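Q:
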Amino acid sequence: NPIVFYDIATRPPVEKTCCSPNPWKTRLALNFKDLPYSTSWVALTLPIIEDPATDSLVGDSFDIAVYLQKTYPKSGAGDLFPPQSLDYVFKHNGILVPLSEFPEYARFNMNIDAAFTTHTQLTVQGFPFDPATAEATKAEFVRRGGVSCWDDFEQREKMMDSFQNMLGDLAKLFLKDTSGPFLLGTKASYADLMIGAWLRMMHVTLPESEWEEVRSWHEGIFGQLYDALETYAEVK
Numbered sequence: 009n010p011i012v013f014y015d016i017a018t019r020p021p022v023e024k025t026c027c028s029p030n031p032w033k034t035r036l037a038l039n040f041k042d043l044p045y046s047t048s049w050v051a052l078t079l080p081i082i083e084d085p086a087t088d089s090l091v092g093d094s095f096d097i098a099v100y101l102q103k104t105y106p107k108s109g110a111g112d113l114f115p116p117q118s119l120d121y122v123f124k125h126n127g128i129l130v131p132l138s139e140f141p142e143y144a145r146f147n148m149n150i151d152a153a154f155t156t157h158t159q160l161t162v163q164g165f166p167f168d169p170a171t172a173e174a175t176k177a178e179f180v181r182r183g184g185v186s187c188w189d190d191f196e197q198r199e200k201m202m203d204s205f206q207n208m209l210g211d212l213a214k215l216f217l218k219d220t221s222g223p224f225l226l227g228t229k230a231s232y233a234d235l236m237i238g239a240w241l242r243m244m245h246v247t248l249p250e251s252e253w254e255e256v257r258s259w260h261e262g263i264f265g266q267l268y269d270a271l272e273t274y275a276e277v278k
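According to the entry's author numbering, the sequence shown holds residues 9 to 52, 78 to 132, 138 to 191, 196 to 278 in order.
#1: Note the first and the last residue of the continuous alpha helix (DSSP H) segment covering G210.
#2: What are the boundary residues of the beta strand (DSSP E) that includes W49?
#3: Taking DSSP's pairing of strands, which residues face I82 in a bridge?
#4: What is the DSSP secondary structure of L226, counted as helix, strand or coil?
#5: Whole angstroms are fine: how far does the CA of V12 sit from the CA of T104?
#6: With distances taken between CB atoms, is the gap from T175 to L52 smaller than 8 Å?
#7: From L132 to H245, what does the alpha carbon distance come to, in whole angstroms?
#8: Considering just the uninterrupted stretch of the alpha helix (DSSP H) at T25, what are its terminal residues?
#9: Quick check on DSSP: helix, strand or coil for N126?
#10: In three-state DSSP terms, what is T156?
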């Protein structure tokens with residue numbers, strides 16, 4: 009009967025260390041819809082859910098969210114995709130790197151992901167490796183960062203500044219409606235969950251001092267959103 013949710017295994021206790029942003033989008037969306045599910049943890078394509086109520090097996094976070102909205106439009110906090118103009122572009126996308139239902143939400147998903155992934159080198163020193171996939175995951179972080187060895191990972199302050207710069211651009215979107223902490227003020231959307239999932243990754247992996255900075259910059263807009271999303275952050 010209940011949905012089965014496949015997530016990426018991290019160091020014990022997984023309930024506190026789990027930090028993959030795309031699975032966290034689906035976790036937030038499942039909690040937002042208030043749906044019964046249990047998590048299966050997978051060691052090193079995810080997230081995937083299986084819904085026995087429709088005999089469906091759906092992969093990819095965005096497509097899971099569409100499925101959840103089409104199948105359970107009225108469950109939980111209601112609509113995952115309220116109409117809105119998510120007028121945001123990650124200007125550092127470029128035009129050469131090679132690349138849909140709710141197109142405004144789909145484009146926002148891709149810009150948010152690009153925005154946050156370009157700063158994930160800050161997360162390296164704090165990543166909660168599954169000891170069984172640790173040497174392999176480090177190898178992947180090394181191949182994908184363009185460094186020669188794990189040890190290659196002042197210049198941190200520079201990185202934090204760029205991160206803060208990006209967050210300032212994104213914060214402006216939250217100033218369109220200051221009646222609540224979400225993009226639509228008091229009404230939450232899957233676009234909030236998109237950002238919240240990356241905030242969870244940073245909260246788990248950054249030095250507490252740097253999480254505090256992220257949390258408080260630009261009038262604490264992201265700290266407020268993080269706190270506001272806690273009601274959907276149950277690890278179940």
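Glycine is no exception: its CB is placed at the ideal position from the N, C-alpha and C atoms.
A: Let me spell this out:
#1: Note, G210: alpha helix (DSSP H), 197 to 216.
#2: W49 -> beta strand (DSSP E) spans 45 to 50.
#3: Per DSSP, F13, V91.
#4: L226: strand per DSSP, three-state reduction.
#5: Computed Cα separation, rounded: 16 Å.
#6: Closer than 8 Å, so yes.
#7: Looking at the two C-alpha atoms, the distance is approximately 29 Å.
#8: It spans 22 to 25 - the alpha helix (DSSP H) in which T25 sits, taken as one unbroken run.
#9: The answer is coil: DSSP assigns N126 none of H, G, I, E or B.
#10: Note: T156 maps to coil in three-state DSSP.
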